[PDB]
Peer 1: 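One structure, pasted below without further comment.
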Amino acid sequence: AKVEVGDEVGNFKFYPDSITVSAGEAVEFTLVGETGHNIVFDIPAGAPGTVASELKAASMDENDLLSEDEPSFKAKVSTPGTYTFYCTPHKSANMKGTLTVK
Ligand SMILES: [Cu+2]
């Protein structure tokens, strides 16, 4: 699945902000525009340790930002469920999305 992160106008949005994928399908996030952004998954409370580890592996390090030098990030989540992801710099500006894994 492909998700665009930001736009040419500098809005703090994921495009689209709700994606549904099959187990193990890569989600490629690609930066659009010049504002750097990243993608970090929220870990659901009470998630099993295998899901917590998958989500951490599918998250950017919060000291990492996409830039036109590092324009994409690829995440794979195998466990069925819905998961929220957010951008660290623009979290308070509600730059967040949902990933449903079938
Ligand atoms: Cu951002």
Side-chain angles (χ1 to χ4, degrees):
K2 298 286 190 299
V3 176
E4 288 185 10
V5 182
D7 55 30
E8 302 293 30
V9 169
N11 288 301
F12 306 146
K13 294 262 177 198
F14 289 101
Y15 293 115
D17 63 1
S18 287
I19 5 294
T20 293
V21 297
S22 308
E25 174 183 348
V27 183
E28 192 190 304
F29 294 94
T30 304
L31 179 74
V32 181
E34 254 66 63
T35 306
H37 296 281
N38 68 0
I39 301 84
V40 178
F41 277 91
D42 243 325
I43 308 300
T50 51
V51 177
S53 302
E54 285 186 291
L55 292 182
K56 293 188 118 292
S59 298
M60 279 172 80
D61 183 21
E62 292 189 342
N63 177 62
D64 228 272
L65 286 178
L66 296 169
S67 65
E68 220 58 70
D69 296 62
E70 178 210 318
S72 38
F73 177 59
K74 194 161 292 202
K76 278 162 153 280
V77 179
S78 316
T79 302
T82 296
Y83 304 104
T84 293
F85 54 89
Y86 63 88
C87 170
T88 304
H90 305 112
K91 194 179 188 253
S92 47
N94 198 110
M95 181 170 180
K96 66 175 178 69
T98 58
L99 208 227
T100 292
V101 184
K102 294 324 303 178

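Whatever order the structure lists ligands and atoms in, that order sets their numbers, starting from 1. Positions are given from 1 along the sequence. Computed over heavy atoms, backbone and side chain alike; hydrogens, waters and symmetry mates excluded.
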Peer 1: Considering all heavy atoms of both residues, which atom of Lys2 and which atom of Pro16 are nearest to each other, and what is their separation?
Peer 2: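 In this case the closest contact between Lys2 and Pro16 is O-CD, 4.1 Å.
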
Peer 1: Taking all non-hydrogen atoms of both residues, which atom of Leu65 and which atom of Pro89 are closest, and how far apart?
Peer 2: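 In terms of heavy atoms, the two residues are closest at CD2-CG, 3.7 Å.
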
Peer 1: For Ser18 and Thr98, does a side-chain donor sit closer than 3.5 Å to a side-chain acceptor?
Peer 2: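 There is such a pair between these side chains.
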
Peer 1: In the protein, how many N/O/S atoms are under 2.8 Å from the Cu ion (ligand 1)?
Peer 2: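 Count of protein N, O, S atoms less than 2.8 Å from the Cu ion (ligand 1): 3.
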
Peer 1: Would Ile43 end up clustered with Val40 when hydrophobic side chains under 4.5 Å apart are linked, directly or stepwise?
Peer 2: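 No, because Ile43 and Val40 fall into different hydrophobic clusters, even though each may have its own neighbours under 4.5 Å.
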
Peer 1: To the closest 0.5 Å, what do you measure between CG (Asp42) and OH (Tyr86)?
Peer 2: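 Here the interatomic distance stands at 6.0 Å.
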
Peer 1: If you apply the rule side-chain contact (heavy atoms from CB on, under 4.5 Å), what do you find for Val27 with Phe85, and how did you get there?
Peer 2: CA-CA 12 Å; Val27 183; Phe85 54 89; over 6 Å; no

